[PDB]
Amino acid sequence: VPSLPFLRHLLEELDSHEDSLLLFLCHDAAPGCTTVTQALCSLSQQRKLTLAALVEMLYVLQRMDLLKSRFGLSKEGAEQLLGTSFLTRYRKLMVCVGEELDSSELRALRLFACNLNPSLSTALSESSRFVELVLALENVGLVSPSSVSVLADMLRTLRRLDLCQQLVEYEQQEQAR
């Protein structure tokens, strides 16, 4: 619904970390994209870039300033649109969990992944974000939208039982659906 020029101008407001989170959220629906511009272009082509999808993206990114200025929506107004677009519970959860981790925790998790599978060393680095670790694990088949127990196990080893529980709960919910 919203025009591409409008959406793009909106993008200039995101920093590099937010761009990476958005590209991760668009990983299934905009295959092969390396820039947010490309991903939005792709969603436009598919009629997937709706008001609801944009609001959900901004909500997940905690950009309540942009929800107000571009859509006239408070946090609660935005919560009324969640779950009504192509965005999935799996990818939104991964972004949210990643924002609950500090740099030391992220380093530990990357080490756990490489100890579990040494081949991941070439896909990760000291600068890899949580969503990049998630994709690295997905790419070798260790996690997927239906199975996140390997990551829950890593969070449990980290002693972040709160984050582990979010992933165990998600997997149980997804399986029952």
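Residue numbers here begin at 1 and follow the sequence given.
- Averaged over CA atoms, B-factors in the entry run higher in 35-43 than in the other of 35-43 and 136-144.
- For the pair 125-133 and 59-67, the mean Cα B-factor is higher in 125-133.
- In the PDB entry, the Cα temperature factor peaks, among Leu167, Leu10, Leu23, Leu161, at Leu10.
- The PDB entry assigns the greatest CA B-factor among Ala113, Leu54, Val150, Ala30 to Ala30.
- Ranked within its chain, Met94 lands in the lowest third, by CA B factor from the PDB record.
- In this PDB entry, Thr88 carries a Cα temperature factor that places it within the lowest third of its chain's modelled residues.
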